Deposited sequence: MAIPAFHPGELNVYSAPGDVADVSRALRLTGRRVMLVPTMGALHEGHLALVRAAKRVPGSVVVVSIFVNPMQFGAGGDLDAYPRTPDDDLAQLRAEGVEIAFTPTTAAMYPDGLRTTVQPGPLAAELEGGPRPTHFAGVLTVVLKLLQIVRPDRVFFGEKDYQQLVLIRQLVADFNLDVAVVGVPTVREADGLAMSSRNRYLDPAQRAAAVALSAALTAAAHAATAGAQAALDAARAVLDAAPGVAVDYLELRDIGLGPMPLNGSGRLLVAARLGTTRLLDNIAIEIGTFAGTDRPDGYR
């Protein structure tokens, strides 16, 4: 007895079982199930994850809202033509507490996994679960938190998961600042200083025709031009986060403390 699903309206489900049944029922009848996993507090970035998912012909869009340890968000999705919001409780995602989890590979130890050693294990575990519950054809992440997205690609390859992982370019303020829920915490000076991350990164990207060293130095110069910006790391890696090849396509990642607030950004880089 398949749960009630009204096509073209916004259907909300809090029971995993329900969303799993609705979702399985929709695949069987043509629809391609797109998942956009969020933690609520939805901003334009999210919206651009949703929009991409709808571009896929015949798709139905699942947006989970789960706080991984408000009707305004439901309003945005309804106003976006989202047909499913999956809104489970913590006891429902975790009816037996933390038991079996995912152990990410060694890349979880670096970069962000320095300041936060266990964070990614948590991310990968909830992502596997959501992928299992919803079983989408495709799953949509912003490129902002880039390390996270790569580990997710590693989760999918490593466990032979059947989903396609789509990374959507990061949505930014007018001045380049990568969108983030933390942005509303920076006072004006900090907010104005924050502009340096993306400006460092864009500078690097364009400086890159002169090669690897000039990209890093361009970005480091820009970072240096800003007060109150404590850079935890600034690193050029290959697209999958191993060492940067002598020439080819890579990624440049930055992370920084503006007061209490930790900011991240990253960009694509071609060397030559």
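K.L.:
Which parts of the deposited sequence lack C-alpha coordinates?
P.N.:
Gaps vs deposited seq, in order: 1, 71 to 85, 289 to 300.
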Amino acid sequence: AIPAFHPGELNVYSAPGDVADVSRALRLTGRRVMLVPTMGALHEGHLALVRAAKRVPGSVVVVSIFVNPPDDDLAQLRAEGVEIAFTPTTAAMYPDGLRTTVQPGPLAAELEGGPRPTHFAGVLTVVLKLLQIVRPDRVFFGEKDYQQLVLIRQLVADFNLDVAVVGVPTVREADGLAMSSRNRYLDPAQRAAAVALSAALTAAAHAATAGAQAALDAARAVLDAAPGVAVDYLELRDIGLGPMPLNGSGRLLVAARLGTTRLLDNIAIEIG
From here on, numbers count along this sequence of modelled residues.
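C-alpha atoms forming the largest set that superposes within 1.5 Å between two forms make up the rigid core.
K.L.:
Once everything is fitted on the core, do the CA positions of 169 to 177 or those of 71 to 79 lie farther from the shown form in 9 other deposited structures of this protein?
P.N.:
Taking the RMS over all superposed structures in 9 other deposited structures of this protein, 71 to 79 lies farther out.
K.L.:
Is 235 to 243 or 207 to 215 the stretch whose C-alphas end up farther from this model in 9 other deposited structures of this protein after a rigid core fit?
P.N.:
Larger mean C-alpha displacement, comparing 235 to 243 and 207 to 215 in 9 other deposited structures of this protein, is found in 235 to 243.
K.L.:
With respect to the recorded C-alpha B factors, which stretch has the higher mean value, 104 to 112 or 72 to 80?
P.N.:
Taking the mean C-alpha B-factor of 104 to 112 and of 72 to 80, the larger value falls to 72 to 80.
K.L.:
What stretch has the higher average Cα B-factor here, 236 to 244 or 214 to 222?
P.N.:
Result of the comparison: 236 to 244.
K.L.:
Looking at the C-alpha B-factor values in the deposited entry, which of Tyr146, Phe140, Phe159, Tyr185 comes out highest?
P.N.:
In this record, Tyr185 carries the highest C-alpha B-factor of the candidates.
K.L.:
By the record's CA B-factor, is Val254 among the lowest, middle or highest third of residues in the chain?
P.N.:
For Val254, the deposited C-alpha B-factor lands in the lowest third.
K.L.:
Going by the recorded CA B-factors, say which third of the chain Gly122 sits in, lowest, middle or highest.
P.N.:
Its C-alpha B-factor belongs to the lowest third of this chain's values.
K.L.:
Lowest, middle or highest third: which one holds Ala25 when the chain's residues are ordered by CA B-factor from the entry?
P.N.:
Highest third.
K.L.:
Where does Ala203 sit by CA temperature factor within its chain: lowest, middle or highest third?
P.N.:
Lowest third of the chain for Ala203's C-alpha B-factor.
K.L.:
Just say lowest, middle or highest third for the CA B-factor of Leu10 relative to the other modelled residues in its chain.
P.N.:
Highest third - that is where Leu10 ends up once the chain's C-alpha B-factors are sorted.
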